[PDB]
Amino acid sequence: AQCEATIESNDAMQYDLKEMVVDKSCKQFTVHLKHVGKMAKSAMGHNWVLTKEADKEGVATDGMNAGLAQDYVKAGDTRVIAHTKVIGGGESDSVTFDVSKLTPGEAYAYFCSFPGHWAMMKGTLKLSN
């Protein structure tokens, strides 16, 4: 979508994309998260979080402990490349990140850090041309 992509989250605790590709010509990347469900953020809130695949579970665990006001992301967690807000049904959010944060040919994990969702809601992101 240039240097943008749109991802959908629903009431089934799913994302519609399992992988994202960042083009090499991009200096900035933008992700647009949409919550196409009708459930409340307290019940089935979704976010989109970018980490080294390695940091997935540790960031997820710390995020859970941060609470909803922190969007289920430990504040200033340095393992976090980018993340959106936690949204409810009918909402959306966008995050733009600096691509030079990514290392070519390395796979990254994107997941939802709302409590219990990282196990069902995850995908890979990589830089490719």
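So that there is no doubt, residue numbering starts at 1 and follows the sequence shown.
Chemist: Determine, for stretches 54-62 and 90-98, which one has the higher mean CA B-factor as deposited.
Modeler: Mean B over CA atoms: larger for 54-62.
Chemist: Looking at the entry, does 19-27 or 103-111 show the higher mean C-alpha B-factor?
Modeler: Stretch with the higher mean C-alpha B-factor: 103-111.
Chemist: Of the choices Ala75, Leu33, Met39, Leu68, which one's C-alpha carries the largest B-factor in the record?
Modeler: Going by the entry's C-alpha B-factors, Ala75 comes out highest.
Chemist: Check where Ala5 lands among this chain's C-alpha B-factors and tell me if it's the lowest, middle or highest third.
Modeler: Lowest third.
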